[PDB]
């Protein structure tokens, strides 16, 4: 199609740059400058709004393209194959075209507000400058083709079930675990400390299982879950804690996402995460909160997941 043809031209312009980027650099776990959690949350919110508006089948296809790209990584910089680079870019271009321009620009603007002005020059300094310049000229041509195809209005929101078994169970989980939620330091930098002993390629294989799960999940359930997180961001207090009602709606929506893929897909995520998560990480997190509230939350989670399991 037009975007796919344009992605091939973009690859001609940009794959030399892609091969030189060191994708295994740990810097990409960090914020693009000083960490500003609530300012960053505004940018994530714009992304969540955009993802909720995007065509669910095109989001699926873009996830699938990234899964395939992970399988073709080679060499010391972690670069995917030329064909997969193009396949990812085409799929993302189709996603971009499925939402109105203002939603895309809102992401750009909100990310630019948290990005240190010196970040582009530092990134470019690690690669061949002419190749980066050629890649960017390629991007500018590509986005013109994307815009030609781009919708001018956003699709409406998802339907939200009420009183289903997961929703009822989520109320109980949320009441039991909100004290724990309120204890957690949502503004900490700890979430960007690296996983001890885990290479980027090993992390990527765990992320892959979540990408695969996303591609399998029900698109309407995913959309509704994104919408619930947008609501929740809007209701935070000064410490970043969402309201109790919005938390419960997040838990219900995520339970419905879990139940929209088979057990094996979810266990693949869990098992891959278990392989990369040092056992001191849960201990460190637990140690920062009230231990009674954490055990109350965990007991409630293990009860809730039985309701999800039955629905799944």
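Positions refer to the first chain, counted from 1.
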Greater mean Cα temperature factor according to the PDB record, 53 to 61 or 242 to 250: 53 to 61
Per the entry, higher mean C-alpha B factor between 102 to 110 and 177 to 185: 102 to 110
Among 145, 236, 170, 222 - the residue whose C-alpha B-factor is largest in the record: 145
Maximum C-alpha temperature factor, selected from 296, 13, 21, 289: 13
Cα B factor band for residue 229 (lowest, middle or highest third within the chain): lowest
Third of chain Cα B-factors occupied by residue 80: middle
Lowest, middle or highest third - CA B-factor, residue 203: lowest
Residue 263 - Cα temperature factor, lowest/middle/highest third of chain: lowest
Chain thirds of CA B-factor: placement of residue 42: middle
